[PDB]
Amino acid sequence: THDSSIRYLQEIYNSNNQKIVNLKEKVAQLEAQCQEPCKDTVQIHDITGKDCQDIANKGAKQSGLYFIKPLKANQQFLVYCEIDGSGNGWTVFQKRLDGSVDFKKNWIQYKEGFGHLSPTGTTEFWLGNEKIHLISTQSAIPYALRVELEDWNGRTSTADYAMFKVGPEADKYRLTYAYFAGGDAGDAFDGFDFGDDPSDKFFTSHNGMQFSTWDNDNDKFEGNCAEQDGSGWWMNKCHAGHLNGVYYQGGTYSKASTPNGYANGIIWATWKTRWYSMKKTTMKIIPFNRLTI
């Protein structure tokens, strides 16, 4: 009876083997499918140029991340470009929209930039003074600056400035422009008579102001604006437009919601009250001839 009982196993041992041979062949096929990395949803586009307009001019048709290398810069760096249906390419250098990024930073972080760049432009960030200075001071060609605000109701305004520019670190990345070009958000950069004093308007204008951080005061105040308000900005004594301020949820805050009592929110006086912090903010530049030529 053993003849069958013993030969029964042989038919199985040799069965398992041929199966193993085939199983190892499939394990090989699987390996071929597990060599690539996870696919990253954020991609940087191939096209590059001096600025975002140079890139649009070359044919780029979608907003996102591109490398730019301003005429005199040592290296290329990443920026978010806004390319519209009309071939206009804006280089965005500031963005607020949810208060996830802390804008209370030092001189170097404002110089080098901070925050994150996203393809869909849904992140907060500060490009960096050095990069803004490099872009805006390339070979003669005036840039135009556009401010874009949005309240907590869905309303939005804008404010343009001709011949926008930001100087080198030696001059504290001073801010300059030739004049207000227009916009329904108002020209807050020219100051705003807050009422508390007649000289308010004069002391709260920004054209000509150097940049200031808490650890590097270059304002026209004997105190420290940047430090008191918790931001980086072209402070006077102190400000009228303050896009790098504290992100107050809802838009409305009071002298009580602030540490020093000073309105340090995302403000733009000529359009809203100092006690109303914007919901979204965006500062971007483009060659001037591009703005309705």
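Sequential numbering from 1, following the sequence displayed.
- Averaged over CA atoms, B-factors in the entry run higher in 177 to 185 than in the other of 106 to 114 and 177 to 185.
- Here 71 to 79 and 121 to 129 are compared by their mean Cα B-factor, and 71 to 79 comes out higher.
- Annotation for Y247, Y66, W234, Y262: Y262 ranks highest, by Cα B-factor.
- Per the deposited record, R155 carries the highest C-alpha B-factor of all listed residues (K95, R146, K172, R155).
- Ranked by Cα temperature factor within the chain, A159 sits in the middle third according to the deposited record.
- For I44, the recorded CA temperature factor ranks within the lowest third of the chain's modelled residues.
- Ranked by C-alpha B-factor against the other modelled residues of its chain, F192 falls in the highest third.
- Sorting the modelled residues of the chain by their CA temperature factor places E150 in the highest third.
- Compared with the other modelled residues of the chain, the Cα B-factor recorded for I20 ranks in the highest third.
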